[PDB]
Structure formats: C-alpha cells, structure tokens
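Undergrad: I'd like to ask you about the structure that follows.
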Amino acid sequence: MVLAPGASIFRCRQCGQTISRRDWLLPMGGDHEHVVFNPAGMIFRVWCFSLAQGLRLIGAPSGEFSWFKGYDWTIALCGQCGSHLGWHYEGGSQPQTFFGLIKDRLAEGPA
Ligand SMILES: O=c1ccn([C@H]2C[C@H](O)[C@@H](CO)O2)c(=O)[nH]1
Ligand SMILES: [Zn+2]
C-alpha cells in the first residue's frame, strides 16, 4: 500500500538486531503506548507488540509489579548484544501473551 516505506522494521538501537515491525503494534487497552515506572522510579514509554524476534527471554515469569493486569513478565534482552529491550508478557487473556518493548531502545527503519 506504500512503495519503499522507511518506517516498517524495529531494530535494536545498540546493534542492529531485527526485533519487530510497525505492523505488529498492539493496542492493549486501546493504546499501543503505555507509560510506566518501575520500583526504582525509572519511566518507560512502552510500546506493545503482538510479536517480536531476536530477543532472549530470561528466567521464569513473575507477576510482581506487573504493569498489565493478569500478565506475568520475563525480561527480554536483545539476543545479540544483551541490551535490555523490554519484557515478554504471558499468562493473561485476549491476548495470552505479548511484548512490551522500550521505545527509545529501538531504531525504526525500512524492511
Ligand atoms: O510489568 C513490569 C515489568 C517489570 N517491572 C520492573 C520489575 C523489575 O524491578 C524490573 C525488571 O525489568 O522491571 C515492573 O515493575 N513491571
Ligand atoms: Zn542489540
């Protein structure tokens, strides 16, 4: 529907690893963008994706402090460089699983 789009793929900002695509953004509670803080007070602009790749999911899930009701999280690192890119979420409903990735740790560009 658009020739030569420059904004279709998300890659790891620190190394280039393919991570997700704009077509895979997922509006959780009506918005694909959720702004949250961890217990250390860090603010994150979290983009929700249905699907992602090139990550490494660390350990087992935890429900503690989850920003998304009904889901447990696993830390998602870039599988190539180890940069912490976000979290994989599971154990919930409609959808069962998704990714919440930290927007400013990704780079957007052409396929
Ligand atoms: O939904 C989530 C996912 C992660 N964290 C925090 C917990 C932990 O301190 C750190 C792990 O990335 O992020 C949350 O607060 N909520
Ligand atoms: Zn990386």
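Simple scheme: letters A, B, ... for chains in structure tokens order, numbers from 1 for residues in each chain, numbers from 1 for ligands in the order shown.
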Could you pull the residues within 9 Å of region 79-90 of chain A, counting only C-alpha atoms, minus those fewer than 4 positions along the same chain, as a ChimeraX atom specification?
TA: /A:12-17,46,53-57,61,68,70-75,95-103,105-106
Undergrad: Restricting it to N, CA and C atoms, dump the selection as a CSV table (one decimal), in the first residue's frame.
TA:
chain,number,residue,atom,x,y,z
A,12,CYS,N,17.3,-3.3,17.2
A,12,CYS,CA,18.0,-2.9,18.4
A,12,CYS,C,18.8,-1.6,18.1
A,13,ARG,N,18.7,-0.6,18.9
A,13,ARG,CA,19.4,0.6,18.7
A,13,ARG,C,20.9,0.5,18.9
A,14,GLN,N,21.3,-0.5,19.8
A,14,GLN,CA,22.7,-0.6,20.1
A,14,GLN,C,23.4,-1.5,19.2
A,15,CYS,N,22.8,-2.4,18.4
A,15,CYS,CA,23.5,-3.2,17.5
A,15,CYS,C,22.9,-3.5,16.1
A,16,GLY,N,21.6,-3.2,15.8
A,16,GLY,CA,21.0,-3.6,14.6
A,16,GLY,C,20.2,-4.9,14.5
A,17,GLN,N,20.2,-5.7,15.6
A,17,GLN,CA,19.4,-6.9,15.6
A,17,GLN,C,17.9,-6.6,15.2
A,46,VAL,N,6.6,2.4,26.9
A,46,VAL,CA,6.5,1.0,26.5
A,46,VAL,C,5.5,0.9,25.3
A,53,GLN,N,11.0,-10.8,17.7
A,53,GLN,CA,12.0,-11.8,17.4
A,53,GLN,C,13.4,-11.2,17.8
A,54,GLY,N,14.4,-12.1,17.8
A,54,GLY,CA,15.8,-11.7,18.0
A,54,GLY,C,16.1,-11.3,19.5
A,55,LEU,N,15.1,-11.6,20.4
A,55,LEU,CA,15.3,-11.4,21.8
A,55,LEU,C,15.8,-12.7,22.5
A,56,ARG,N,16.2,-12.6,23.7
A,56,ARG,CA,16.5,-13.7,24.6
A,56,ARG,C,15.7,-13.4,25.9
A,57,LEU,N,14.8,-14.3,26.2
A,57,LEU,CA,13.9,-14.2,27.4
A,57,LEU,C,14.5,-14.8,28.5
A,61,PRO,N,8.6,-16.4,34.5
A,61,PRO,CA,7.8,-15.3,34.6
A,61,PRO,C,7.6,-14.9,36.0
A,68,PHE,N,0.5,-4.7,33.6
A,68,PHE,CA,-0.6,-5.1,32.8
A,68,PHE,C,-1.3,-6.2,33.5
A,70,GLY,N,-3.3,-9.2,35.0
A,70,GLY,CA,-3.4,-10.6,34.6
A,70,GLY,C,-2.2,-11.2,33.9
A,71,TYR,N,-1.1,-10.4,33.7
A,71,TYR,CA,0.1,-10.9,33.0
A,71,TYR,C,1.3,-11.0,33.9
A,72,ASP,N,2.1,-12.0,33.6
A,72,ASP,CA,3.4,-12.1,34.3
A,72,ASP,C,4.5,-11.8,33.2
A,73,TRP,N,5.6,-11.2,33.7
A,73,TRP,CA,6.6,-10.8,32.8
A,73,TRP,C,7.9,-11.6,33.0
A,74,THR,N,8.6,-11.6,31.9
A,74,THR,CA,10.0,-12.1,31.7
A,74,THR,C,10.8,-11.1,31.1
A,75,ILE,N,12.0,-10.8,31.6
A,75,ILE,CA,12.9,-9.8,31.0
A,75,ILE,C,13.3,-10.2,29.6
A,95,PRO,N,-4.9,-10.7,24.5
A,95,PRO,CA,-4.2,-12.0,24.2
A,95,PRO,C,-3.6,-12.7,25.4
A,96,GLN,N,-3.2,-13.9,25.2
A,96,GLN,CA,-2.5,-14.6,26.3
A,96,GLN,C,-1.1,-14.1,26.6
A,97,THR,N,-0.4,-13.7,25.5
A,97,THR,CA,0.9,-13.2,25.5
A,97,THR,C,1.1,-12.0,24.6
A,98,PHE,N,2.1,-11.2,24.9
A,98,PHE,CA,2.6,-10.1,24.0
A,98,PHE,C,3.9,-9.6,24.5
A,99,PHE,N,4.6,-8.6,23.8
A,99,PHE,CA,5.8,-8.0,24.2
A,99,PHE,C,5.5,-6.5,24.5
A,100,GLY,N,6.2,-6.0,25.6
A,100,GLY,CA,6.2,-4.6,25.8
A,100,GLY,C,7.6,-4.2,25.7
A,101,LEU,N,8.0,-3.3,24.7
A,101,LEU,CA,9.3,-3.0,24.4
A,101,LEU,C,9.5,-1.5,24.7
A,102,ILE,N,10.7,-1.2,25.1
A,102,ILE,CA,11.0,0.2,25.4
A,102,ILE,C,11.4,1.0,24.2
A,103,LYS,N,10.5,1.9,23.8
A,103,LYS,CA,10.5,2.6,22.6
A,103,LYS,C,11.9,3.2,22.2
A,105,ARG,N,14.8,2.4,23.0
A,105,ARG,CA,15.9,1.5,22.8
A,105,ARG,C,15.8,0.7,21.5
A,106,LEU,N,14.9,1.1,20.6
A,106,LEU,CA,14.7,0.6,19.3
A,106,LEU,C,15.0,1.7,18.3
Undergrad: Mind dumping a table of every chain A residue within 6 Å of ligand 1, with the nearest atom pair and its distance in Å to one decimal, using only C-alpha atoms and all ligand atoms, sorted by chain and rising number, as JSON lines?
TA:
{"residue": "A:38", "atom": "CA", "partner": "ligand 1", "partner_atom_place_in_ligand_line": "15 (O)", "distance": 4.0}
{"residue": "A:39", "atom": "CA", "partner": "ligand 1", "partner_atom_place_in_ligand_line": "9 (O)", "distance": 5.8}
{"residue": "A:65", "atom": "CA", "partner": "ligand 1", "partner_atom_place_in_ligand_line": "15 (O)", "distance": 4.5}
{"residue": "A:66", "atom": "CA", "partner": "ligand 1", "partner_atom_place_in_ligand_line": "1 (O)", "distance": 3.4}
{"residue": "A:67", "atom": "CA", "partner": "ligand 1", "partner_atom_place_in_ligand_line": "1 (O)", "distance": 4.0}
{"residue": "A:73", "atom": "CA", "partner": "ligand 1", "partner_atom_place_in_ligand_line": "3 (C)", "distance": 5.6}
{"residue": "A:75", "atom": "CA", "partner": "ligand 1", "partner_atom_place_in_ligand_line": "12 (O)", "distance": 5.6}
Undergrad: Would you put the residues from that selection into a file with C-alpha atoms, as a compact mmCIF listing (two decimals), in the first residue's frame?
TA:
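This went into again31.txt:
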# COMPACT_ATOMS: atom_id res chain seq x y z
CA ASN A 38 9.48 0.61 37.80
CA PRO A 39 10.15 0.37 41.60
CA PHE A 65 4.64 -5.19 39.99
CA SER A 66 3.19 -6.13 36.59
CA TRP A 67 2.02 -3.06 34.65
CA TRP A 73 6.63 -10.78 32.84
CA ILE A 75 12.92 -9.80 30.97
Undergrad: So what do you get for CA of residue 51 (chain A) versus CA of residue 8 (chain A), distance-wise?
TA: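 Atom-to-atom, CA of residue 51 (chain A) and CA of residue 8 (chain A) are spaced 13.9 Å apart.
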Undergrad: Could you please determine the separation between CA of residue 60 (chain A) and CA of residue 77 (chain A) in Å, to one decimal place?
TA: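 Between CA of residue 60 (chain A) and CA of residue 77 (chain A) the gap works out to 13.7 Å.
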Undergrad: Could you pull the residues within 9 Å of residue 24 (chain A), counting only C-alpha atoms, minus those fewer than 3 positions along the same chain, as a PDB file with N, CA and C atoms, in the first residue's frame?
TA:
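Final output, part23.pdb:
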ATOM      1  N   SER A  20      11.226  -6.104  15.823  1.00  0.00           N
ATOM      2  CA  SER A  20       9.785  -6.157  15.490  1.00  0.00           C
ATOM      3  C   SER A  20       9.419  -5.331  14.266  1.00  0.00           C
ATOM      4  N   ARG A  21       8.121  -5.054  14.065  1.00  0.00           N
ATOM      5  CA  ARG A  21       7.662  -4.355  12.891  1.00  0.00           C
ATOM      6  C   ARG A  21       6.523  -3.456  13.334  1.00  0.00           C
ATOM      7  N   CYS A  48       3.572  -1.736  22.937  1.00  0.00           N
ATOM      8  CA  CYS A  48       3.108  -3.132  22.962  1.00  0.00           C
ATOM      9  C   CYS A  48       3.102  -3.687  21.538  1.00  0.00           C
ATOM     10  N   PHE A  49       3.727  -4.863  21.388  1.00  0.00           N
ATOM     11  CA  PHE A  49       3.763  -5.577  20.114  1.00  0.00           C
ATOM     12  C   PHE A  49       3.143  -6.974  20.294  1.00  0.00           C
ATOM     13  N   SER A  50       2.409  -7.442  19.267  1.00  0.00           N
ATOM     14  CA  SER A  50       1.925  -8.808  19.298  1.00  0.00           C
ATOM     15  C   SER A  50       3.029  -9.880  19.217  1.00  0.00           C
ATOM     16  N   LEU A  51       4.111  -9.520  18.555  1.00  0.00           N
ATOM     17  CA  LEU A  51       5.139 -10.409  18.073  1.00  0.00           C
ATOM     18  C   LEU A  51       6.479  -9.657  18.072  1.00  0.00           C
ATOM     19  N   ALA A  52       7.569 -10.372  18.347  1.00  0.00           N
ATOM     20  CA  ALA A  52       8.902  -9.886  18.279  1.00  0.00           C
ATOM     21  C   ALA A  52       9.792 -11.047  18.109  1.00  0.00           C
TER      22      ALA A  52
END
Undergrad: If DSSP is run on the backbone, what residues of chain A are strand (DSSP E)? A reply as a PyMOL selection string would be ideal.
TA: chain A and resi 9-12+18-21+33-37+43-49+55-62+72-78+84-90+98-102+106-109
Undergrad: Go ahead and save the residues from that selection, with N, CA and C atoms, as a compact mmCIF listing (two decimals), in the first residue's frame.
TA:
# COMPACT_ATOMS: atom_id res chain seq x y z
N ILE A 9 10.36 -1.60 10.17
CA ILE A 9 11.03 -2.57 10.99
C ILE A 9 11.64 -1.84 12.19
N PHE A 10 11.55 -2.44 13.35
CA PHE A 10 12.28 -2.02 14.52
C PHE A 10 13.48 -2.91 14.77
N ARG A 11 14.63 -2.27 14.90
CA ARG A 11 15.88 -2.95 15.25
C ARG A 11 16.44 -2.50 16.59
N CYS A 12 17.29 -3.34 17.24
CA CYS A 12 17.98 -2.87 18.42
C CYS A 12 18.85 -1.62 18.13
N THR A 18 17.37 -7.43 14.31
CA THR A 18 15.91 -7.30 13.96
C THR A 18 15.09 -7.67 15.17
N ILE A 19 14.15 -6.80 15.60
CA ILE A 19 13.31 -7.07 16.74
C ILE A 19 11.81 -7.14 16.43
N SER A 20 11.23 -6.10 15.82
CA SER A 20 9.79 -6.16 15.49
C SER A 20 9.42 -5.33 14.27
N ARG A 21 8.12 -5.05 14.06
CA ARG A 21 7.66 -4.35 12.89
C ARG A 21 6.52 -3.46 13.33
N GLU A 33 0.78 2.46 23.23
CA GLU A 33 1.78 3.16 24.06
C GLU A 33 1.32 3.25 25.52
N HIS A 34 2.13 2.73 26.45
CA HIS A 34 1.83 2.77 27.87
C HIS A 34 3.04 3.38 28.57
N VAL A 35 2.80 4.39 29.39
CA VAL A 35 3.94 4.99 30.13
C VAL A 35 3.90 4.54 31.58
N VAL A 36 4.98 3.95 32.04
CA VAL A 36 5.03 3.29 33.33
C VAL A 36 6.32 3.59 34.09
N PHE A 37 6.39 3.28 35.37
CA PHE A 37 7.61 3.40 36.19
C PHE A 37 7.85 2.12 36.91
N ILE A 43 11.10 5.86 34.39
CA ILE A 43 9.96 5.97 33.48
C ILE A 43 10.28 5.34 32.14
N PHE A 44 9.31 4.58 31.60
CA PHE A 44 9.47 3.93 30.31
C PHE A 44 8.28 4.15 29.42
N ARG A 45 8.52 4.58 28.19
CA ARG A 45 7.48 4.62 27.15
C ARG A 45 7.53 3.24 26.53
N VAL A 46 6.57 2.40 26.89
CA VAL A 46 6.46 1.02 26.49
C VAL A 46 5.50 0.92 25.28
N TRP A 47 6.03 0.37 24.19
CA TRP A 47 5.18 0.08 23.02
C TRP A 47 4.86 -1.43 23.09
N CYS A 48 3.57 -1.74 22.94
CA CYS A 48 3.11 -3.13 22.96
C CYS A 48 3.10 -3.69 21.54
N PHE A 49 3.73 -4.86 21.39
CA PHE A 49 3.76 -5.58 20.11
C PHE A 49 3.14 -6.97 20.29
N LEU A 55 15.15 -11.62 20.41
CA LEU A 55 15.31 -11.42 21.84
C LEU A 55 15.80 -12.67 22.49
N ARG A 56 16.23 -12.56 23.73
CA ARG A 56 16.45 -13.66 24.61
C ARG A 56 15.68 -13.40 25.88
N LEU A 57 14.79 -14.31 26.21
CA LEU A 57 13.86 -14.18 27.37
C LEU A 57 14.50 -14.85 28.55
N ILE A 58 14.67 -14.09 29.61
CA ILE A 58 15.44 -14.53 30.74
C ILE A 58 14.68 -15.03 31.98
N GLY A 59 14.98 -16.25 32.40
CA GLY A 59 14.32 -16.82 33.57
C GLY A 59 12.86 -17.14 33.36
N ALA A 60 12.15 -17.17 34.48
CA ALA A 60 10.78 -17.58 34.51
C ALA A 60 9.91 -16.36 34.81
N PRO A 61 8.64 -16.43 34.47
CA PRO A 61 7.78 -15.29 34.61
C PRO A 61 7.57 -14.88 36.03
N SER A 62 7.21 -13.62 36.24
CA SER A 62 6.86 -13.12 37.55
C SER A 62 5.67 -12.15 37.43
N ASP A 72 2.14 -11.95 33.62
CA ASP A 72 3.39 -12.10 34.26
C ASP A 72 4.46 -11.79 33.25
N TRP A 73 5.57 -11.23 33.72
CA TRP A 73 6.63 -10.78 32.84
C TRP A 73 7.91 -11.56 32.99
N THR A 74 8.65 -11.59 31.87
CA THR A 74 10.02 -12.12 31.73
C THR A 74 10.83 -11.06 31.06
N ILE A 75 12.01 -10.78 31.59
CA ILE A 75 12.92 -9.80 30.97
C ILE A 75 13.31 -10.24 29.57
N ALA A 76 13.21 -9.32 28.62
CA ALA A 76 13.59 -9.54 27.23
C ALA A 76 14.87 -8.72 26.90
N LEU A 77 15.96 -9.44 26.65
CA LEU A 77 17.23 -8.82 26.18
C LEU A 77 17.32 -8.92 24.69
N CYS A 78 17.97 -7.98 24.06
CA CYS A 78 18.46 -8.25 22.73
C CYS A 78 19.26 -9.52 22.75
N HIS A 84 18.84 -4.39 27.35
CA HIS A 84 17.51 -4.72 27.86
C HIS A 84 16.50 -3.95 27.06
N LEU A 85 15.73 -4.66 26.25
CA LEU A 85 14.79 -4.06 25.33
C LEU A 85 13.36 -3.98 25.86
N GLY A 86 12.99 -4.79 26.83
CA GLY A 86 11.68 -4.81 27.39
C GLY A 86 11.38 -6.09 28.09
N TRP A 87 10.13 -6.55 27.89
CA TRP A 87 9.59 -7.71 28.59
C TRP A 87 8.67 -8.51 27.70
N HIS A 88 8.64 -9.78 27.93
CA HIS A 88 7.63 -10.60 27.36
C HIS A 88 6.58 -10.92 28.45
N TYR A 89 5.34 -10.79 28.05
CA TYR A 89 4.23 -10.97 28.96
C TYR A 89 3.39 -12.19 28.56
N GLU A 90 2.98 -12.94 29.55
CA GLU A 90 2.20 -14.15 29.37
C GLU A 90 1.24 -14.38 30.52
N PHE A 98 2.10 -11.17 24.92
CA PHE A 98 2.58 -10.05 24.02
C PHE A 98 3.95 -9.55 24.54
N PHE A 99 4.55 -8.59 23.82
CA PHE A 99 5.78 -7.96 24.18
C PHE A 99 5.53 -6.49 24.53
N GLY A 100 6.17 -5.99 25.60
CA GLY A 100 6.17 -4.56 25.85
C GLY A 100 7.64 -4.15 25.70
N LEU A 101 7.96 -3.34 24.70
CA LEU A 101 9.32 -3.02 24.37
C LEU A 101 9.51 -1.52 24.67
N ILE A 102 10.70 -1.16 25.09
CA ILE A 102 11.02 0.23 25.44
C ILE A 102 11.38 1.01 24.18
N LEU A 106 14.90 1.14 20.63
CA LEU A 106 14.74 0.61 19.29
C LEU A 106 15.04 1.71 18.31
N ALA A 107 15.46 1.32 17.12
CA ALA A 107 15.55 2.13 15.95
C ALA A 107 14.59 1.69 14.83
N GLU A 108 13.85 2.63 14.28
CA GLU A 108 12.85 2.36 13.22
C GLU A 108 13.39 2.65 11.82
N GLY A 109 13.11 1.73 10.85
CA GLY A 109 13.60 1.91 9.56
C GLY A 109 12.99 0.94 8.50
